[PDB]
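Under the working numbering, residues -4 to 383 are what the sequence shown spells out, in order.
Each remark here refers to the structure printed beneath this line.
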Amino acid sequence: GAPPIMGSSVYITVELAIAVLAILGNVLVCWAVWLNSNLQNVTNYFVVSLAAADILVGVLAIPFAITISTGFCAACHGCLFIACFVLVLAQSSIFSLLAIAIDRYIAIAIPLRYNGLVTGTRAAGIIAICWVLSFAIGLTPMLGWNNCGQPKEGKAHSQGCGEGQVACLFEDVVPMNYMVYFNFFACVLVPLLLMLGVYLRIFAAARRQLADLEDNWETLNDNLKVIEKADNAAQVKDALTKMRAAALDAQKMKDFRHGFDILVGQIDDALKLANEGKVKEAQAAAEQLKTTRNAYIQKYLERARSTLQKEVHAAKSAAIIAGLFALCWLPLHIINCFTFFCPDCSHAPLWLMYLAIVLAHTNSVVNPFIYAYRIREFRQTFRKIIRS
Ligand SMILES: CC(C)CCC[C@@H](C)[C@H]1CC[C@H]2[C@@H]3CC=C4C[C@@H](O)CC[C@]4(C)[C@H]3CC[C@]12C
Ligand SMILES: CC(C)CCC[C@@H](C)[C@H]1CC[C@H]2[C@@H]3CC=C4C[C@@H](O)CC[C@]4(C)[C@H]3CC[C@]12C
Ligand SMILES: CC(C)CCC[C@@H](C)[C@H]1CC[C@H]2[C@@H]3CC=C4C[C@@H](O)CC[C@]4(C)[C@H]3CC[C@]12C
Ligand SMILES: CC(C)CCC[C@@H](C)[C@H]1CC[C@H]2[C@@H]3CC=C4C[C@@H](O)CC[C@]4(C)[C@H]3CC[C@]12C
Ligand SMILES: CCCCCCCC/C=C\CCCCCCCC(=O)OC[C@H](O)CO
Ligand SMILES: Nc1nc(NCCc2ccc(O)cc2)nc2nc(-c3ccco3)nn12
Ligand SMILES: CCCCCCCC/C=C\CCCCCCCC(=O)O
Ligand SMILES: CCCCCCCC/C=C\CCCCCCCC(=O)O
Ligand code: NA
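Okay, here's the thing in structure tokens:
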């Protein structure tokens, strides 16, 4: 039985290193959004709420975790607050991650009404609501779902604790049925699975829209070929009507509008000739469409594709951060499931408990790196802040 202060020293030093890095990186995130107007959008207000939670992991949750690792004598409800505050921050993180996913889904699925639906003032209200709900969820044990009514009196007496005090240890005061059914299953796992469903819908919507762009491009070029090798006016008419409906479908900005105005007008010109039975004249009119396709329509196609690809890239970055949250927190939740559901299993050893706690805390370090490596506007602003 090695002196407890030795393993404690390693755990505490690692926790302090994580707290430093969590504070520095996420202060840098908030500083960048504040300074750069190109970063001030609704998506990034949730990014700032998430960075604020991670700053508070460094400032408060990690000092609280160090404190509760000592088992110090405490009034049981004060111990509960120390134990549970990190659950507030994790819950707030989950709400921010879900909001970010939903924001990106609205932007990809209904871009025409995004800016009118998703506003900064509405985002700020949602963030406030989510922080209140996070306190209610994370501090639910302080409303009575706790083990303070059944203190471990033998452990309290062995530590010389006073009357009304307990040895402040997480699993002695926080009920494991709360931790597994309420905190994990209901408040963490279900939202993460909802996030997964939202991300699946985003990527499926992106895949469909790109396919629709390429299908309209092919339909344009196919029907031009049909007109060239048509042998009567009715065949020219058939292909032009399908081109005209497709042109309006791709129209659904001034040089954009001009290009489609020429295109639809040139289709109408050829359609009128077709309906007069002037096939050769209609086919010559339709050849003009190629100049418009080359000078205008292909540029719109390429720009639309480029916008969708950037949205896919941004949704992947957001999904990575949600996935890293799950990766860092799941081990601790899974261990709680073993403790709770398998009372015939030996408890996970202490070194593994503390490795899983450290891992969870490390999640508060990682997001600034994901933004730096994946989002140029963040990376460039970080550069300017550091250099200056
Ligand atoms: C706004 C921020 C900076 C203020 C931080 C206040 C924190 C540190 C305060 C608020 C309530 C406090 C707890 C309230 C009650 C108890 C029970 C006592 O037997 C031991 C200390 C303990 C566990 C306190 C520790 C410190 C504590 C968590
Ligand atoms: C900005 C918002 C979140 C305000 C934060 C204030 C919170 C952190 C403070 C304000 C008053 C504090 C409480 C005051 C008194 C007690 C009684 C004690 O037996 C257990 C701790 C407990 C319950 C404290 C926990 C922390 C507490 C709730
Ligand atoms: C989220 C991804 C990374 C998966 C993480 C799985 C981890 C948390 C799993 C894999 C193997 C698991 C261990 C397998 C067996 C035992 C022995 C038992 O007496 C206590 C729990 C304990 C020690 C488990 C704790 C949780 C555990 C370490
Ligand atoms: C998508 C995934 C990661 C969601 C989380 C899966 C969780 C809930 C699963 C993964 C492994 C599962 C555990 C595997 C083995 C045991 C030992 C058994 O004696 C009691 C149940 C228990 C403890 C399971 C509880 C639930 C569990 C922890
Ligand atoms: C916004 C920035 C402001 C900074 C935020 C504050 C930093 C919190 C530091 C430590 C919290 C842990 C403190 C809990 C210590 C309790 C130890 C104790 O009370 O020991 C006596 C007990 O009776 C056993 O005998
Ligand atoms: N089970 C658990 N334990 C602890 N700390 C106590 C580690 C421990 C466990 C058993 C023991 O005899 C002595 C120490 N922190 C913990 N934090 C969490 C947690 C936060 C979010 C999800 O799980 N679970 N959790
Ligand atoms: C920028 C402000 C950040 C706050 C700094 C806090 C750093 C202190 C860290 C941990 C405090 C641990 C207190 C130990 C509990 C008492 C042990 C015992 O009584 O047995
Ligand atoms: C811990 C369980 C949580 C309790 C759930 C019930 C309490 C919160 C309910 C609804 C919050 C909805 C926010 C409505 C604010 C007003 C909006 C507006 O004025 O436009
Ligand atoms: Na977080």
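Beta carbons are placed, not taken as given, at the ideal position from N, Cα and C, and that holds for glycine.
Considering Cα atoms alone, identify which of the options is closest to residue i.
i           : options            : result
residue 303 : 326, 243, 105      : 105
residue 295 : 232, 315, 94, 205  : 205
residue 180 : 132, 269, 193      : 132
residue 21  : 288, 52, 176       : 52
residue 298 : 344, 250, 275, 280 : 250
residue 153 : 83, 97, 66, 82     : 66
residue 146 : 130, 163, 135, 136 : 163
residue 226 : 198, 277, 202      : 277
residue 317 : 8, 137, 45, 14     : 45
residue 321 : 80, 201, 252, 184  : 184
residue 91  : 239, 186, 369      : 186
residue 384 : 342, 380, 266, 55  : Look at the range of the chain in this structure, -4 to 383, and you will see that residue 384 is not part of it.
residue 50  : 25, 262, 237, 40   : 25
residue 79  : 315, 136, 212      : 136
residue 237 : 215, -4, -2, 252   : 215
residue 85  : 176, 128, 115, 118 : 128
residue 75  : 161, 253, 300      : 161
residue 190 : 175, 43, 315       : 315
residue 243 : 208, 230, 202      : 208
residue 41  : 119, 259, 340      : 119
residue 357 : 111, 140, 381, 325 : 325
residue 54  : 39, 81, 43         : 81
residue 408 : 195, 341, 301, 122 : The structure shown has nothing for residue 408, since the chain only spans -4 to 383.
residue 7   : 350, 381, 337      : 350
Assuming residue i contacts residue j under a Cβ cut-off of 8 Å, what Cβ separation, rounded to an integer in Å, is found between them?
i           : j           : result
residue 168 : residue 143 : 6 Å
residue 96  : residue 313 : 7 Å
residue 241 : residue 272 : Residue 241 to residue 272, Cβ: 24 Å. No contact.
residue 198 : residue 307 : 7 Å
residue 355 : residue 327 : 5 Å
residue 165 : residue 63  : 6 Å
residue 9   : residue 353 : 6 Å
residue 373 : residue 94  : Contact doesn't hold; Cβ gap of about 18 Å is too wide.
residue 261 : residue 287 : 6 Å
residue 83  : residue 134 : 6 Å
residue 232 : residue 269 : 4 Å
residue 87  : residue 126 : 6 Å
residue 17  : residue 359 : 4 Å
Under a CB-based cut-off of 8 Å, is residue i close to chain C?
i          : result
residue 49 : Going by chain labels, chain C is absent from the structure shown, which holds only one protein chain.
Review point. Along the chain, which unbroken stretches of the beta strand (DSSP E) at least 3 residues long are found entirely within the stretch 47 to 113?
Key: For the stretch 47 to 113, whole beta strand (DSSP E) runs of length 3 or above, ordered along the chain, are 68 to 70.
Using 8 Å as the Cβ pair cut-off and three pairs as the minimum, do the stretch 23 to 33 and the stretch 57 to 66 touch?
no
Checklist line | Three CB pairs or more closer than 8 Å across the stretch 161 to 176 and the stretch 314 to 332 | finding: By the criterion of at least three beta-carbon pairs nearer than 8 Å, the stretch 161 to 176 is in contact with the stretch 314 to 332.
Problem - Runs of alpha helix (DSSP H) lying entirely within the stretch 127 to 155, each at least 4 residues, in chain order - result: 148 to 153
Any 3 or more C-beta pairs closer than 8 Å across the stretch 5 to 22 and the stretch 349 to 368 = Short answer: they touch.
_Tell me which residues pass a beta-carbon proximity test against ligand 6: closer than 5 Å to any heavy atom, given in chain order._
165, 166, 327, 348
Counting beta carbon pairs with one atom in the stretch 93 to 111 and one in the stretch 69 to 81, are three or more of them shorter than 8 Å?
The stretch 69 to 81 is not in contact with the stretch 93 to 111.
- Task: Check whether the stretch 209 to 220 touches the stretch 280 to 290, taking contact to mean three or more Cβ pairs, one atom from each stretch, closer than 8 Å.
- Result: yes
| task | Please list, following the chain, all residues that have a C-beta closer than 5 Å to any non-hydrogen atom of ligand 4. | result | 329, 332, 333, 336, 337
**Prompt:** Do the stretch 339 to 353 and the stretch 285 to 294 touch if we need at least three Cβ pairs shorter than 8 Å?
**Reply:** no
Whole beta strand (DSSP E) elements within the stretch 165 to 236, 3-residue minimum = none
Open item on the list: Just to confirm the assignment: which complete alpha helix (DSSP H) runs, minimum length 4, are found wholly within the stretch 8 to 49?
Closed with: none
query = Which residues have a Cβ closer than 7 Å to any heavy atom of ligand 2, listed in chain order?
reply = Chain-ordered list of matching residues: 70, 72, 73, 76, 130, 137.
Requested in this report: Collect the residues with a C-beta less than 6 Å away from any heavy atom of ligand 7 and give them in sequence order along the chain.
Outcome: Output, sorted by chain position: 54, 58, 61, 62, 65, 67.
| Can you list every residue whose CB sits closer than 7 Å to some heavy atom of ligand 9, going in chain order? | 45, 48, 49, 52, 84, 85, 88, 320, 358, 359
Original post:
For the stretch 236 to 286, which segments carrying the alpha helix (DSSP H) assignment without a break, of at least 4 residues, lie completely within its bounds, in sequence order?
Top reply: 249 to 270
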